[PDB]
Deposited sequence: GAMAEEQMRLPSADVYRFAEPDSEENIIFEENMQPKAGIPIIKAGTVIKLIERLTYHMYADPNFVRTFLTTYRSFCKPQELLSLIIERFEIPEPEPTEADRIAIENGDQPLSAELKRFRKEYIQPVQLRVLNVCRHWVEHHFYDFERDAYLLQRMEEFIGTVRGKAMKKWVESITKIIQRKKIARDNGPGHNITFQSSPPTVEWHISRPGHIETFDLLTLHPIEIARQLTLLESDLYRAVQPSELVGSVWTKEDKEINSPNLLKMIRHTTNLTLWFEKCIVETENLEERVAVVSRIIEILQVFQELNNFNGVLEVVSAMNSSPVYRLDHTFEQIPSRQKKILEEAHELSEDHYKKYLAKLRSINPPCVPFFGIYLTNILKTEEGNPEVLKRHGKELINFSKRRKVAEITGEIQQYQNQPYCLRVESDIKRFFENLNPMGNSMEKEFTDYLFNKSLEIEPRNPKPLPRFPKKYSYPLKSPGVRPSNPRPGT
């Protein structure tokens, strides 16, 4: 074959090897890559024949699961440095025009996407950014000039990046605690509507901050979780803290009648979450009512009105049969919404545990890229809900109060959840032990203002 001899030799260039079942596999137009060696992945990422924006996006989202950022940069620079063949210039003019120029453009296309959509890599590693500017500095040619500028214009935008409502939002609601009196802020003293509004604004912001790479390769459960998954972990910790705070509010209210009022208020909070389509919020309340300390409180739930029970039961049924009702509800509503985040983590963990890192062919390891695309498709679903701002006014004091929630204190999670359950046994002992009475802890009126706003 003359076309293969037009390409460089194997002893001078590693990205012009023949394709086979020993180095690359395609899935069942543009071929979609099932698996392959890292060399073949870089080859197809910068393929001369066509543009592959789907593969570029998916590669750059997921590559950290099989290749370090330092390795990737080296490999795309090695790819870029295509050696010219020796002289006998008709062959050299075709080779430059039809192979070198396309591949070199495709490498810079990868660099542009890398810096525009995954600049955080270059924030985490300073030397990585120096190398990229070193490489983008030392270039040539008329066609590259535009790409070399566009890349360096994006880099300086991200250096600078380091350092309004459409309609009229509704009036902020208050109840017992007056505006400013932050010492009196609590579950029953703030207004339930406003608790729900401020948590939704907070959770919306945390949902939108999560980047796809934070979820790939289960990196949030590894040694470098705090650097690789800062927004993700912030979102999980909020959910952990809000859930355990609801549970703490209920079981530390030892008086039965006061505890009924606490539980009823949390169900009211959930009602406003569903008015707002904050599903994350709905399912935090559901998680709290189903926890071991709360779910067993039969005396408490006996006094909760039937309509409130029904609402809480209907919320639970969102999760039944692999979240069927939830998923039908989510696709049917209009913006704005906060999707339930927990399901995405569950399904990514099933993809990660359920598929192998590599595929065996003839004793050689090919990286399983279909595994990465599946994970990226799940992060794609996350992204489609990330541009949905709420027409709701921030209240900084209430925001700050829920931002600084720390129900566990200085306790570990297990010992705190053991405490909560032991507290549940104290306030409502198991049969046949009699139910003791406990004195009231609240000096203020327990009647809720309700969930209809003003006007």
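A.B. asks: Which deposited-sequence positions, grouped into ranges, are missing C-alpha coordinates?
C.D. replies: Several stretches lack coordinates - namely 1 to 3, 32 to 37, 98 to 111, 187 to 193, 486 to 490, in sequence order.
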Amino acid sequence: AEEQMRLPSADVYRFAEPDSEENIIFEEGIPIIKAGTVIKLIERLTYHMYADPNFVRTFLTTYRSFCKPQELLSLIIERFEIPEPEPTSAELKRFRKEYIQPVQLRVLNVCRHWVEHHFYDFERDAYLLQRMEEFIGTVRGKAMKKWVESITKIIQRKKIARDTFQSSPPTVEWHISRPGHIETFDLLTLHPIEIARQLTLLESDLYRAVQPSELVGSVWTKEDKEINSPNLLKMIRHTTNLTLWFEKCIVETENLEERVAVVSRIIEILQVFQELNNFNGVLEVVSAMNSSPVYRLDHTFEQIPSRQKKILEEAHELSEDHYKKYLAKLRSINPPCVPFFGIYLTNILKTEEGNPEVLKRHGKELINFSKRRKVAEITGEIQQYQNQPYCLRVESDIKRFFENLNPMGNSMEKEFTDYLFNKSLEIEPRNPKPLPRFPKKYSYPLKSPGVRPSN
From here on, numbers count along this sequence of modelled residues.
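Just so we're on the same page, rigid core means the largest C-alpha set that superposes within 1.5 Å between forms.
A.B. asks: May I ask which stretch, 133 to 141 or 367 to 375, sits farther from the shown form in 7 other deposited structures of this protein once every structure is superposed on the core, judging by RMS CA distance?
C.D. replies: Relative to the shown form, the greater RMS C-alpha distance in 7 other deposited structures of this protein belongs to 133 to 141.
A.B. asks: In 7 other deposited structures of this protein, superposed by the rigid core, which stretch departs further from the shown form in CA positions, 327 to 335 or 182 to 190?
C.D. replies: This comes out as 327 to 335, the stretch further from the shown form in 7 other deposited structures of this protein.
A.B. asks: On average, which has the higher Cα B-factor in the deposited entry, 150 to 158 or 230 to 238?
C.D. replies: Averaging CA B-factors over each stretch, the winner is 150 to 158.
A.B. asks: Which is higher on mean Cα B factor in this entry, 177 to 185 or 374 to 382?
C.D. replies: Taking the mean B-factor of the alpha carbons in each, 177 to 185 is higher.
A.B. asks: Which has the highest CA B-factor per the PDB entry: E317, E252, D298, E133?
C.D. replies: If I rank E317, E252, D298, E133 by C-alpha B-factor, first place goes to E133.
A.B. asks: For the listed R437, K433, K447, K441, which has the peak Cα B-factor recorded in the PDB entry?
C.D. replies: Highest CA B-factor of the listed options: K433.
A.B. asks: According to the PDB entry, is the CA B factor of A51 in the bottom, middle or top third of its chain, that is, lowest, middle or highest?
C.D. replies: Highest third of the chain for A51's C-alpha B-factor.
A.B. asks: Which third of the chain does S306 land in by C-alpha B-factor: lowest, middle or highest?
C.D. replies: Answer is middle: the recorded C-alpha B-factor places it there.
A.B. asks: Give the position of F26 by CA B-factor within its chain, expressed as the lowest, middle or highest third.
C.D. replies: For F26, whose C-alpha B-factor we compare with every modelled residue in the chain, the answer is the highest third.
A.B. asks: Against its chain's modelled residues, does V216's Cα B factor rank lowest, middle or highest third?
C.D. replies: CA B-factor rank for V216: middle third.
A.B. asks: Classify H191 as lowest, middle or highest third according to the C-alpha B-factor given in the PDB entry, relative to its own chain.
C.D. replies: Lowest third, going by the recorded CA B-factors of the chain.
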